[PDB]
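File shown: target.txt. Contents: compact mmCIF, C-alpha atoms.
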# COMPACT_ATOMS: atom_id res chain seq x y z
CA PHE K 3 19.08 44.42 16.27
CA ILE K 4 19.00 45.48 19.92
CA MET K 5 22.75 44.90 20.27
CA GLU K 6 23.41 46.81 17.04
CA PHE K 7 21.35 49.76 18.29
CA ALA K 8 23.19 49.63 21.63
CA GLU K 9 26.57 49.66 19.89
CA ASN K 10 25.49 52.58 17.70
CA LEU K 11 24.27 54.49 20.76
CA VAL K 12 27.53 53.84 22.62
CA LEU K 13 29.52 55.02 19.60
CA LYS K 14 27.34 58.14 19.50
CA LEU K 15 28.41 58.52 23.13
CA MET K 16 32.08 58.77 24.17
CA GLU K 17 34.34 61.37 22.55
CA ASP K 18 36.14 61.66 19.23
CA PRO K 19 39.81 60.76 19.86
CA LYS K 20 41.01 63.26 17.25
CA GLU K 21 39.02 66.11 18.81
CA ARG K 22 40.15 65.04 22.29
CA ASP K 23 43.81 65.11 21.26
CA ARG K 24 43.42 68.47 19.50
CA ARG K 25 41.71 70.02 22.53
CA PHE K 26 44.38 68.56 24.83
CA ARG K 27 47.19 70.05 22.74
CA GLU K 28 45.48 73.45 22.54
CA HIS K 29 44.81 73.53 26.28
CA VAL K 30 48.37 72.54 27.18
CA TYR K 31 49.88 75.14 24.85
CA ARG K 32 47.56 77.85 26.18
CA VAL K 33 48.42 76.97 29.78
CA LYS K 34 52.15 77.02 29.04
CA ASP K 35 51.97 80.42 27.34
CA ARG K 36 49.85 81.92 30.10
CA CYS K 37 52.03 80.50 32.88
CA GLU K 38 55.23 81.92 31.40
CA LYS K 39 53.34 85.21 31.02
CA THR K 40 52.28 85.13 34.68
CA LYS K 41 55.84 84.30 35.76
CA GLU K 42 57.17 87.31 33.86
CA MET K 43 54.34 89.35 35.41
CA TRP K 44 55.45 88.31 38.91
CA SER K 45 59.12 88.95 38.05
CA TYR K 46 58.61 92.73 38.00
CA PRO K 47 59.79 94.58 41.13
CA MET K 48 57.33 96.42 43.34
CA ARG K 49 59.28 99.66 43.01
CA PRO K 50 59.27 100.70 39.32
CA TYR K 51 62.40 101.98 37.63
CA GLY K 52 61.15 105.39 36.55
CA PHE K 53 59.16 106.21 39.68
CA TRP K 54 61.46 109.14 40.51
CA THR K 55 60.77 110.62 37.05
CA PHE K 56 56.98 110.24 37.21
CA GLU K 57 54.84 113.37 37.02
CA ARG K 58 52.61 112.16 39.86
CA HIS K 59 55.61 111.60 42.15
CA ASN K 60 57.28 114.89 41.18
CA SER K 61 54.29 116.98 42.21
CA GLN K 62 56.03 119.47 44.51
CA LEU K 63 58.15 121.02 41.74
CA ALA K 64 55.24 122.37 39.68
CA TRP K 65 53.40 123.74 42.72
CA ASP K 66 56.50 125.44 44.11
CA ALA K 67 57.37 126.91 40.70
CA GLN K 68 53.84 128.31 40.59
CA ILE K 69 54.03 129.61 44.16
CA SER K 70 57.63 130.89 44.17
CA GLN K 71 56.55 134.57 44.03
CA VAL K 72 54.57 134.49 47.30
CA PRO K 73 56.01 136.91 49.90
CA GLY K 74 56.24 134.15 52.51
CA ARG K 75 58.96 132.39 50.51
CA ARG K 76 60.55 135.14 48.41
CA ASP K 77 64.27 135.70 48.02
CA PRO K 78 64.99 139.10 49.63
CA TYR K 79 67.01 140.37 46.66
CA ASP K 80 64.13 139.51 44.32
CA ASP K 81 61.80 141.70 46.39
CA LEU K 82 64.46 144.42 46.48
CA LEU K 83 64.84 144.40 42.69
CA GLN K 84 61.09 144.31 42.03
CA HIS K 85 60.85 147.36 44.29
CA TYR K 86 63.68 148.99 42.31
CA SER K 87 61.91 148.09 39.03
CA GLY B 2 30.90 60.65 19.12
CA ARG B 3 33.34 57.90 18.19
CA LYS B 4 33.30 56.68 14.59
CA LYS B 5 34.08 52.97 14.92
CA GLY B 6 35.30 50.62 17.61
CA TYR B 7 38.88 49.88 16.59
CA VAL B 8 41.96 51.65 17.92
CA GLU B 9 43.86 54.08 15.66
CA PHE B 10 47.39 54.91 16.83
CA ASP B 11 50.57 55.84 14.96
CA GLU B 12 53.59 53.52 15.04
CA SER B 13 56.17 56.32 15.03
CA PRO B 14 57.66 58.51 17.78
CA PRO B 15 56.10 61.98 17.96
CA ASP B 16 58.01 64.72 16.16
CA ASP B 17 59.52 67.84 17.77
CA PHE B 18 60.72 65.70 20.69
CA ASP B 19 64.27 66.30 21.87
CA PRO B 20 65.88 63.33 23.68
CA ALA B 21 68.46 65.73 25.16
CA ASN B 22 65.70 67.93 26.65
CA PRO B 23 62.53 65.80 26.79
CA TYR B 24 60.91 68.22 29.26
CA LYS B 25 61.08 71.28 27.00
CA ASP B 26 57.81 70.44 25.22
CA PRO B 27 55.01 69.10 27.46
CA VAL B 28 52.87 67.79 24.60
CA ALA B 29 55.88 66.06 23.04
CA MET B 30 56.81 64.60 26.44
CA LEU B 31 53.34 63.16 27.02
CA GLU B 32 52.98 61.78 23.48
CA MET B 33 56.43 60.19 23.69
CA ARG B 34 55.48 58.59 27.02
CA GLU B 35 52.29 57.24 25.44
CA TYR B 36 54.24 55.89 22.46
CA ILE B 37 56.75 54.17 24.76
CA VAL B 38 53.83 52.62 26.66
CA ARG B 39 52.36 51.37 23.38
CA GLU B 40 55.67 49.85 22.28
CA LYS B 41 56.15 48.12 25.64
CA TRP B 42 52.62 46.72 25.41
CA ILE B 43 53.35 45.46 21.89
CA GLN B 44 56.46 43.67 23.19
CA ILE B 45 54.44 42.22 26.08
CA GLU B 46 51.78 40.90 23.70
CA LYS B 47 54.46 39.38 21.46
CA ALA B 48 55.86 37.59 24.51
CA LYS B 49 52.34 36.45 25.41
CA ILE B 50 51.85 34.99 21.92
CA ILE B 51 55.16 33.14 22.22
CA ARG B 52 54.10 31.87 25.66
CA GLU B 53 50.77 30.60 24.30
CA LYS B 54 52.43 28.71 21.46
CA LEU B 55 54.95 27.34 23.98
CA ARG B 56 52.20 26.05 26.26
CA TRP B 57 50.42 24.40 23.35
CA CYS B 58 53.72 22.83 22.27
CA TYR B 59 54.11 21.44 25.79
CA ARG B 60 50.55 20.10 25.70
CA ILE B 61 50.78 18.54 22.22
CA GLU B 62 54.20 16.97 22.79
CA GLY B 63 54.09 14.50 25.65
CA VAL B 64 57.07 12.96 27.41
CA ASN B 65 59.33 14.19 24.59
CA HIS B 66 58.56 17.86 25.23
CA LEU B 67 62.10 18.80 26.30
CA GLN B 68 63.53 18.60 22.77
CA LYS B 69 60.49 19.44 20.63
CA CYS B 70 59.71 22.68 22.52
CA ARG B 71 63.31 23.65 23.35
CA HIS B 72 63.33 26.33 20.64
CA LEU B 73 60.05 27.74 21.95
CA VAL B 74 61.38 27.75 25.52
CA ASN B 75 64.48 29.65 24.42
CA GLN B 76 62.42 32.06 22.32
CA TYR B 77 60.06 32.83 25.21
CA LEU B 78 62.89 33.25 27.72
CA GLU B 79 64.74 35.68 25.46
CA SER B 80 61.47 37.48 24.67
CA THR B 81 60.74 38.08 28.37
CA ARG B 82 64.08 39.86 28.78
CA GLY B 83 62.86 43.46 28.89
CA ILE B 84 59.10 43.17 29.28
CA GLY B 85 58.58 44.82 32.64
CA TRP B 86 58.46 48.35 33.98
CA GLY B 87 59.46 47.71 37.60
CA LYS B 88 60.60 44.08 37.63
CA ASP B 89 63.99 44.82 39.15
CA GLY B 90 63.73 41.91 41.59
CA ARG B 91 63.94 39.45 38.70
CA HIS B 92 67.47 38.14 38.36
CA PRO B 93 69.58 39.78 35.60
CA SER B 94 70.28 36.33 34.13
CA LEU B 95 66.63 36.34 32.98
CA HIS B 96 65.73 40.06 32.94
CA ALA B 97 68.84 41.85 31.65
CA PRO B 98 70.26 41.97 28.08
Rewritten as structure tokens:
Amino acid sequence: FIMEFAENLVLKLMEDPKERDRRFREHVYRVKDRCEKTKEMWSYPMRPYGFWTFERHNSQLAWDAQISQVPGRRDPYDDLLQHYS
Amino acid sequence: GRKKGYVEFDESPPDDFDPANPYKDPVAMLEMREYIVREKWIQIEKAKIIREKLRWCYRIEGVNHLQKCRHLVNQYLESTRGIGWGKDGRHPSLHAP
């Protein structure tokens, strides 16, 4: 009965071939999906397309529109007309 | 844990495998390679069985072994035609169809 117990213990050891194959397939599919995702992540250029339209990059326009009435940068005719009216 | 100690494989090529583009699906590629290995091993074992029966024919038949085991010799020599994986040094007269 010692050999029978040893065989049962060895069978309790090892791994289920069905579970091993399923895990292998799942792991390979996951790696393939993630690697194509990382390749498309790397494919993007460093300079974005819309960077010239971004609000953060176009920060001078708002400030200068706010500050356009300061005497240091006024159009002379604007000052003339505001004096006239 | 394993259920019982006897091998369970399928005697059919894995599906979703494209011979034109075998490298498109990695799982299909690897399973097809494993199936090809299994088929080659089956052919090798068939040749080994033929070789064993040939050797026992040669042992049982004495001086008159050239005509009694001629069919077994021919069967073994045709069965060993495409056994190997890298036996390209073997002459094509015995290793090529």
For the contact check between chain K and chain B, emit one row per residue of chain K within 12 Å, containing the shortest atom pair and the distance in Å rounded to one decimal, counting only C-alpha atoms, chain then rising number order, as a Markdown table.
| residue | atom | partner | partner_atom | distance |
| --- | --- | --- | --- | --- |
| K:9 | CA | B:6 | CA | 9.1 |
| K:10 | CA | B:5 | CA | 9.0 |
| K:11 | CA | B:2 | CA | 9.2 |
| K:12 | CA | B:3 | CA | 8.4 |
| K:13 | CA | B:3 | CA | 5.0 |
| K:14 | CA | B:2 | CA | 4.4 |
| K:15 | CA | B:2 | CA | 5.2 |
| K:16 | CA | B:2 | CA | 5.5 |
| K:17 | CA | B:2 | CA | 4.9 |
| K:18 | CA | B:3 | CA | 4.8 |
| K:19 | CA | B:3 | CA | 7.3 |
| K:20 | CA | B:3 | CA | 9.4 |
| K:21 | CA | B:2 | CA | 9.8 |
| K:22 | CA | B:3 | CA | 10.7 |
| K:23 | CA | B:32 | CA | 10.0 |
| K:24 | CA | B:28 | CA | 10.8 |
| K:25 | CA | B:28 | CA | 11.6 |
| K:26 | CA | B:28 | CA | 8.5 |
| K:27 | CA | B:28 | CA | 6.4 |
| K:28 | CA | B:28 | CA | 9.5 |
| K:29 | CA | B:28 | CA | 10.0 |
| K:30 | CA | B:28 | CA | 7.0 |
| K:31 | CA | B:28 | CA | 7.9 |
| K:32 | CA | B:28 | CA | 11.5 |
| K:33 | CA | B:27 | CA | 10.5 |
| K:34 | CA | B:27 | CA | 8.6 |
| K:35 | CA | B:27 | CA | 11.7 |
Box for stretch 87-90 of chain B: with edges along x, y and z, all listed atoms inside and 5 Å added on each side, what are the centre and edge lengths in Å to one decimal, as AutoDock Vina command-line options?
--center_x 61.7 --center_y 44.8 --center_z 39.6 --size_x 14.5 --size_y 15.8 --size_z 14.0
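Closest approach to residue B:13 among B:47, B:60, B:52, B:39 is made by B:39 (distances from all atoms listed in the file).
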**OP:** May I ask which of the residues B:23, B:71, B:66, B:77 is the closest one to residue B:49, counting only C-alpha atoms?
**Re:**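 Of B:23, B:71, B:66, B:77, the one nearest residue B:49 is B:77, counting only C-alpha atoms.
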Original post:
Any idea what the distance is between atom CA of residue B:81 and atom CA of residue B:67?
Top reply: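 We find that atom CA of residue B:81 and atom CA of residue B:67 lie 19.4 Å from each other.
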Subject >> Long-range neighbours of residue B:30 as a ChimeraX atom specification, 9 Å cut-off, all atoms listed in the file, 5 positions minimum in chain >> reply: /B:15,18-19,23-25,35
Dump C-alpha atoms for the selected residues as a PDB file, in the coordinates of the input?
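Output (part.pdb):
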ATOM      1  CA  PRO B  15      56.100  61.980  17.960  1.00  0.00           C
ATOM      2  CA  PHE B  18      60.720  65.700  20.690  1.00  0.00           C
ATOM      3  CA  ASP B  19      64.270  66.300  21.870  1.00  0.00           C
ATOM      4  CA  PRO B  23      62.530  65.800  26.790  1.00  0.00           C
ATOM      5  CA  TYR B  24      60.910  68.220  29.260  1.00  0.00           C
ATOM      6  CA  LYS B  25      61.080  71.280  27.000  1.00  0.00           C
ATOM      7  CA  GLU B  35      52.290  57.240  25.440  1.00  0.00           C
TER       8      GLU B  35
END
**OP:** Have a look at B:33, B:95, B:58, B:70 and name the one nearest to residue B:17; count all atoms listed in the file.
**Re:**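 Using all atoms listed in the file, the shortest distance to residue B:17 belongs to B:33.
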**OP:** Record the distance separating atom CA of residue B:46 and atom CA of residue B:62, expressed in Å with one decimal.
**Re:**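 Answer for the atom CA of residue B:46 to atom CA of residue B:62 separation: 24.1 Å.
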Original post:
What gap, in Å, lies between atom CA of residue B:73 and atom CA of residue B:51?
Top reply: 7.3 Å
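Compared by their closest atoms to residue B:74, and using only C-alpha atoms, the residues B:38, B:55, B:48, B:43 rank with B:55 nearest.
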